[PDB]
Amino acid sequence: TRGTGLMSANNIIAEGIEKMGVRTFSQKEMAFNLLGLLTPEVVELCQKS
Amino acid sequence: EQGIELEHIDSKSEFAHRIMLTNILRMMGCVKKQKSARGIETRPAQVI
Amino acid sequence: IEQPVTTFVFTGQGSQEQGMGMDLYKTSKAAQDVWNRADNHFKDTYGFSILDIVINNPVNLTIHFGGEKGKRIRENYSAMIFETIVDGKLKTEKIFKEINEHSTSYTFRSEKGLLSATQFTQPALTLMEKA
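Listed below in structure tokens is the structure:
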């Protein structure tokens, strides 16, 4: 998760990893992903297993 | 915690371990006690 | 010796009060068995405690339908119909229209207290007496 849109020691190489065929995330995307685990389907699922 | 290898695990790492684990467990423990207290058995809390 | 000829008369609605017959509930083994028996039936089929309602008049009361127990309790509100004979052909107006597969809560509103609503008063009387 690319910290901010400035120079994090981890950020400068994000571009480099992505060339492997992998994805990094903005915090807005990683937020989106985790707010999908509060939707009423995966809430209904969490309550089983 | 950065630049803390296994020879350098001290108070900061022991204190971090409490924030990021034992007190997480104590905070989920707590909500179980306050929910049970009031016989709430059908309104669970998703821990993410 | 036979007691003089006796009639028992059982009061209907209107007389209901907060704390009603909770004096007996403290003391009587026979009364305790009546409330406790009914409060377990309500807790498990419809998700509320009739004792709580009688003891402390709650203004609002939300049922939640979470977990497996909770889904069973929701089917118990969804099944409750009202097979009215209105019109030439009978029409079935399902009670709790705001309760479907995708509900997680239902809330009982009152103005003053729930113990004054017909559906809570009716049992609270009928128990208090039976006890």
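If you read the sequences in order, they're chains A, X and B.
If you read the first sequence in PDB author numbering, its first letter stands for residue 872, the second for the next number, and so on.
If you read the second sequence in PDB author numbering, its first letter stands for residue 776, the second for the next number, and so on.
If you read the third sequence in PDB author numbering, its first letter stands for residue 1657, the second for the next number, and so on.
C-beta: ideal position from N, C-alpha, C; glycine also.
Item to check | Residue closest to B/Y1762, alpha-carbon to alpha-carbon, out of X/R793, X/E789, X/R818 | outcome: Walking along the third sequence from the start, residue 1762 of chain B turns up at place 106. Among X/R793, X/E789, X/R818, the Cα nearest to that of B/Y1762 is on X/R818.
Checklist entry - Is it the case that the Cβ atoms of B/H1720 and X/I815 are separated by a distance below 9 Å? => result For the purposes of this step, residue 1720 of chain B is identified with residue 64 of the third sequence, where counting begins at 1. For the purposes of this step, residue 815 of chain X is identified with residue 40 of the second sequence, where counting begins at 1. With contacts defined as CB atoms closer than 9 Å, B/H1720 and X/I815 qualify as a contacting pair.
Checklist entry - Any C-beta of chain B sitting closer than 9 Å to the C-beta of A/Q898? => result Taking the first sequence and counting its residues from 1, the one referred to as residue 898 of chain A is at position 27. Not one beta carbon of chain B lies nearer than 9 Å to the beta carbon of A/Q898.
Next on the checklist: Counting only Cβ pairs nearer than 7 Å, list the residues of chain X close to B/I1755.
Outcome noted: Position 99 of the third sequence holds residue 1755 of chain B. The premise fails here: B/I1755 is roughly 14 Å from chain X at the closest Cβ pair, so nothing lies under 7 Å.
Checklist entry - Which value, in whole angstroms, describes the spacing of the CA atoms of B/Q1775 and B/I1741? => result Start at 1 with the first residue of the third sequence, and residue 1775 of chain B comes out as number 119. Start at 1 with the first residue of the third sequence, and residue 1741 of chain B comes out as number 85. Cα to Cα, B/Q1775 sits roughly 22 Å from B/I1741.
Next on the checklist: With distance defined between alpha-carbon atoms, name the residue in B/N1732, B/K1750, B/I1729 nearest to B/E1739.
Outcome noted: As a working mapping, residue 1739 of chain B is identified with position 83 in the third sequence. The residue with the shortest Cα to Cα distance from B/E1739 is B/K1750.
Checklist entry - In chain X, which residues lie less than 9 Å from A/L909 when you measure between Cβ atoms? => result Residue mapping note: residue 909 of chain A aligns to position 38 of the first sequence, counting from 1. What A/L909 touches in chain X: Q821, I823.
Checklist entry - Does the segment 1725-1734 of chain B touch the segment 1746-1760 of chain B, meaning 3 or more C-beta pairs lie closer than 8 Å? => result Taking 8 Å as the limit for Cβ pairs, the verdict is that the segment 1725-1734 of chain B does touch the segment 1746-1760 of chain B.
Checklist entry - Got a sec, what are the start and stop residues for the beta strand (DSSP E) B/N1716 sits in? => result Taking the third sequence and counting its residues from 1, one reaches residue 1716 of chain B at position 60. Note, B/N1716: beta strand (DSSP E), 1716-1720.
Item to check | Residues from the segment 1733-1765 of chain B in contact with chain A, defined by Cβ distance under 9 Å | outcome: Under the 9 Å Cβ criterion, the segment 1733-1765 of chain B contributes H1758, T1760.
Item to check | Length of the line joining the Cα atoms of A/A880 and A/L909 | outcome: Taking the first sequence and counting its residues from 1, one reaches residue 880 of chain A at position 9. Taking the first sequence and counting its residues from 1, one reaches residue 909 of chain A at position 38. Approximately 32 Å between the Cα atoms of the pair.
Checklist entry - With C-beta atoms as the reference, is B/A1687 less than 9 Å away from B/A1773? => result By one-based count along the third sequence, residue 1687 of chain B stands at place 31. By one-based count along the third sequence, residue 1773 of chain B stands at place 117. It is not a contact, given that the beta carbons lie outside the stated cut-off.
Checklist entry - Is the distance from the Cβ of B/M1784 to the Cβ of B/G1677 below 9 Å? => result The residue given as residue 1784 of chain B occupies position 128 in the third sequence. The residue given as residue 1677 of chain B occupies position 21 in the third sequence. Cβ distance < 9 Å, so B/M1784 and B/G1677 count as in contact.
Next on the checklist: Quick check: B/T1701 and B/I1657, are their CB atoms within less than 9 Å of each other?
Outcome noted: Taking the first residue of the third sequence as 1, we reach residue 1701 of chain B at position 45. Taking the first residue of the third sequence as 1, we reach residue 1657 of chain B at position 1. No, these two residues do not count as a Cβ contact at 9 Å.
Checklist entry - Candidates B/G1723, B/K1699, B/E1673, B/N1713: which alpha carbon is nearest B/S1766's? => result For the purposes of this step, residue 1766 of chain B is identified with residue 110 of the third sequence, where counting begins at 1. Nearest option by C-alpha distance: B/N1713.
Checklist entry - What's the gap between the Cα of X/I799 and the Cα of X/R793? => result Within the second sequence, numbered from 1, the residue matching residue 799 of chain X stands at position 24. Within the second sequence, numbered from 1, the residue matching residue 793 of chain X stands at position 18. Rounded to whole angstroms, X/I799 to X/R793 spans 8 Å at the Cα level.
Item to check | Residues bridged to B/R1765 [DSSP beta-bridge criterion] | outcome: Along the third sequence, one-based indexing puts residue 1765 of chain B at 109. Per the DSSP secondary-structure output, B/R1765 pairs in a beta bridge with B/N1716.
Checklist entry - Of the residues that make up the segment 1704-1727 of chain B, which ones have a beta carbon closer than 8 Å to any beta carbon in chain X? => result Answer set for the segment 1704-1727 of chain B: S1705, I1719, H1720, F1721, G1722, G1723, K1725, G1726.
Item to check | B/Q1674 and B/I1706 closer than 9 Å at C-beta | outcome: Position 18 of the third sequence, counting from 1, holds the residue named residue 1674 of chain B. Position 50 of the third sequence, counting from 1, holds the residue named residue 1706 of chain B. Contact flag unset, no.
Item to check | Sub-9 Å separation of B/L1770 and B/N1692 beta-carbons | outcome: As a working note, residue 1770 of chain B is residue 114 in the third sequence. As a working note, residue 1692 of chain B is residue 36 in the third sequence. Cβ distance not < 9 Å, so B/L1770 and B/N1692 don't count as in contact.
Checklist entry - For B/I1709, does the count of other Cβ atoms within 10 angstroms reach 16, so buried, or fall short, so exposed? => result Mapped onto the third sequence, residue 1709 of chain B falls at position 53. Buried.
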